[PDB]
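Notes for the structure review
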2 protein chains.
Amino acid sequence: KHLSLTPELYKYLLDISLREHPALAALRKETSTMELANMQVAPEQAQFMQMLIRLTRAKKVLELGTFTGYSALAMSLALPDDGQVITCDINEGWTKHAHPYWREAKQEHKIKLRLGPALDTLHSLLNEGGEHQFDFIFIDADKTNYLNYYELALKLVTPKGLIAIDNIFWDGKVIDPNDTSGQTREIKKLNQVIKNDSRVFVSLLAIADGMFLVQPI
Amino acid sequence: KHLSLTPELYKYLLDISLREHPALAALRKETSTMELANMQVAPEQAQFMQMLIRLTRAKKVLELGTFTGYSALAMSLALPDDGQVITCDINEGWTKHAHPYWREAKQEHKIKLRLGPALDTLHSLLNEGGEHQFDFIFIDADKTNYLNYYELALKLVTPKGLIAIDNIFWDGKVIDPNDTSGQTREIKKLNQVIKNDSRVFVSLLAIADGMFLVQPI
């Protein structure tokens, strides 16, 4: 039998485990209405990624996507004083900066925002800082470059480092044949590349829109 | 907006992520019928705990439950060769020895089986083996003793170590107000203990029947 998560149970889950920092909760609550809040990682998704950072013993983290700045904050909160998180915001629509909350939580010095198309920001990061830089990489950028991002992330990650990729099941459109959009076309393609990939350890969690955890061997 | 794991989707999930060793597959096929297979941790969930053992950089692993020997094998596989995995089988009912399979893969020398009540086996390893011996502990034993197993776990796990608890939502029974059973009752009690536990870092995954992951400090 498969676990059907209901609103009442999700409420319970959150209650017994969500240990959210005020600036986070505030950043979240102040952007709930915002349409951007949807592309935003879930409270426990982020707390899980914090666990991951501790288990990685990460010093440098990288993320990509259209952000409110919530996942970037949570990430540095789980990072040590000397650590650093590079958030890449590809969003070119409406936003509000997250730095006020970052300051309030004492993280703006650990968070390095990089605006613009994720692809460019990642090659720049390669050029500048070399290949094995990040102990933890999170991918939630535009789906139609997911193949490029995966490959790049493989060059940017630490041997013991980890990579997380969101929306593996594009809402169940990766199992829907009548969907013709290039976004669900790229996800399906990437899921195949990984399946047949001999280069990494792998595990997929049915928690978000599906989250893939890959680690080089 | 919550992910309902559809059978068709669970197939896709397994299809793209599953990398189950030849011996494990075999083990699951025969123990499949036994209906002790319902207590056996699912394929994807075990590949996850393997990822956890690798992240953890573990050499010592502990399991509690009514096993078929599958998760003990999966764990042992993820461990190096100087690695140890101690599985505790509280099973009373019918069963079949898993060593024919632990031998197929050369894991025979890494798995130390321990039959009998879990409280005694945990106190035994505790009462002398020291503390902080295991880098990863997995609790899935009798529900009514869950509050206890938790306390022992915190003692036996190493710092930077990890404890995974299964059946955290007990099939939605954790919400039911008309539930008296000491099983769901003891689970609920535990979740509250974890909820207010300042000794650890927490994280609750909506996979399986819910999986809490707590770590020291």
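Residues numbered from 1 in each chain as written, not as in the entry; some residues may be left out. Chains lettered and ligands numbered in written order. Heavy atoms only, no water. Residues with missing side-chain atoms left out of burial classes, pairs and counts.

For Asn167 of chain A, which is not a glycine, the phi torsion comes out positive at approximately 60°. Tracing the backbone through its elements, the reader meets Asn167 of chain A in the loop between β5 (157-165) and α8 (182-195). Phi at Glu35 of chain B takes a positive value of approximately 60°, unusual for a residue other than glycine. Following the sequence through the fold, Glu35 of chain B ends up in the loop between α2 (22-30) and α3 (43-56). (Helix = DSSP H or I, 4+ residues; strand = E, 2+ residues; numbered from the N terminus.)

Quick look at the sheet that holds strand β5 (residues 157-165) of chain B now. Residues and elements named next belong to chain B. In spatial order, the strands read β3-β2-β1-β4-β5-β7-β6; together these seven strands make up an open sheet with mixed pairing. Across the chains shown, the open sheet's two edge strands, defined by having one partner strand only, are β3 (111-115) and β6 (204-205). Both β5 and strand β7 (residues 211-214) contribute to a ladder of three bridges, which runs antiparallel. Within β7, the position partnered with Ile165 by the bridge is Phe212. Sheet contacts for helix α6 (residues 118-126): β1 (60-65), β2 (84-89), β3 and β4 (134-140); angle to β1, the most-contacted strand, approximately 160°. (Pairing = 2+ DSSP bridges. Contact = heavy atoms within 4.5 Å. Axes fitted to C-alpha atoms, helices over the stretch in contact; angles between N-to-C directions.)

This next bit is on the relation of the copies chain A and chain B. Note: a rotation about an axis with an accompanying shift along it relates these two copies of the chain. Superposing chain A onto chain B takes a rotation of 180° combined with a translation of 0.1 Å along the rotation axis, leaving an RMSD of 0.4 Å. Given the turn and translation reported, the copies of this chain are related as if by a two-fold rotation axis. Both copies present the same face, since 94% of the interface residues in chain A are matched by interface residues at the equivalent positions in chain B. (Least-squares fit on C-alpha atoms.)

Residue and element names in this part refer to chain A. Relative to the elements of secondary structure, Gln107 occurs in the loop between α5 (99-104) and β3 (111-115). Given the relative accessible area of 7%, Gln107 is considered buried. Considering only alpha carbons, one finds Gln107 and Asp81, 26 residues apart in sequence, at a separation of 9.0 Å. Setting aside residues no more than four positions away along its own chain, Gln107 makes contact with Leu73, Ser76, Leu77 and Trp102. Within the structure, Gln107 has its side chain in polar contact with the side chain of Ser76 (distance 3.3 Å). (Buried < 20%, exposed > 50% of the residue type's maximum accessible area, 1.4 Å probe, protein only. Polar contact = N/O pair within 3.5 Å; in protein donor to acceptor, adjacent residues only side chain to side chain.)

Worth remembering: the numbers are spatial, not functional.
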